[PDB]
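In structure tokens, the next block holds one chain alone, the form deposited without the ligand.
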């Protein structure tokens, strides 16, 4: 049984142009699905507007979905029931993008780490203190930091406090919303190391939301590529990074810089900017930019299909596999 499972998750925001016109749907996420396993990292990659930061908000119950199902260990996680409200907060936890805006400026670090225990658990004062000091030692902060305010810590130490806050309720899934993006090269390394260590020690699973494919390559076990709210390619780390088959992934990998001169085996160019979610293209979302455009691609929307373990949402790969078409 999968640890965490999502079937057809979607979110449509209704938007109004003005009093004079109809409402329309911004389809920010449109039918993603996955099976996160125990002690594994799932990487969600894509450029800004692809829906990755909505998937983080759905899975952490910051916002409710408009369809599909989210299961933890065979139990439904989208019911309103108070017994599911306990399971939600205890098992699934969040690490945010911005270290400067995700710790409360006026609360001491001890306060910030104890607040989750005080709200959900029954622990005593002394107990809560004990557990906060133990978590700081595990994450790499000294005992003397307990009574500091967040405005007297470096950006790396702020993501350390934010990770320590997530771990308090002993989570199974930690969802990391661009966690290393604001940090500089030595601090990224440090943080990454810490994360790996915690994974190896506590048996967490990560949902890694990022656009730094360099990092992804290093961290990820399973990778999912998104474009305009749909999954376009899914597979193993090795698979995608060594043998990419969706035209968008080929364009995205070859657009990342690589320090070693041998890595960039071909250079591919898109020659146009991103479609607005407010006015989606008629057919495949990448039809405006695609190197391989072909008759079906304006008329219909591709669907994920198995092509040797890899999942690819592309009619041209389908034809490469299926010549009869």
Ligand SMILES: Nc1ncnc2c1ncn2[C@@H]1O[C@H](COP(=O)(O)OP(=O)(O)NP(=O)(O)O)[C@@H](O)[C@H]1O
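Numbering follows the first chain given and starts at 1.
Absent from the display: the form deposited with the ligand bound. The rest refers to it.
- Of the stretches 256-264, 66-74, 52-60, 30-38, only 52-60 has residues with a heavy atom within 4.5 Å of the ligand in the entry with it bound.
- In the entry with it bound, at least one heavy atom of residue 26 sits within 4.5 Å of the ligand.
- When the ligand is considered in the entry with it bound, residue 48 lines it closely, a heavy atom lying within 4.5 Å.
- Residue 277 belongs to the set of residues with a heavy atom inside 4.5 Å of the ligand in the entry with it bound.
- In the entry with it bound, the ligand stays beyond 4.5 Å of every heavy atom belonging to residue 307.
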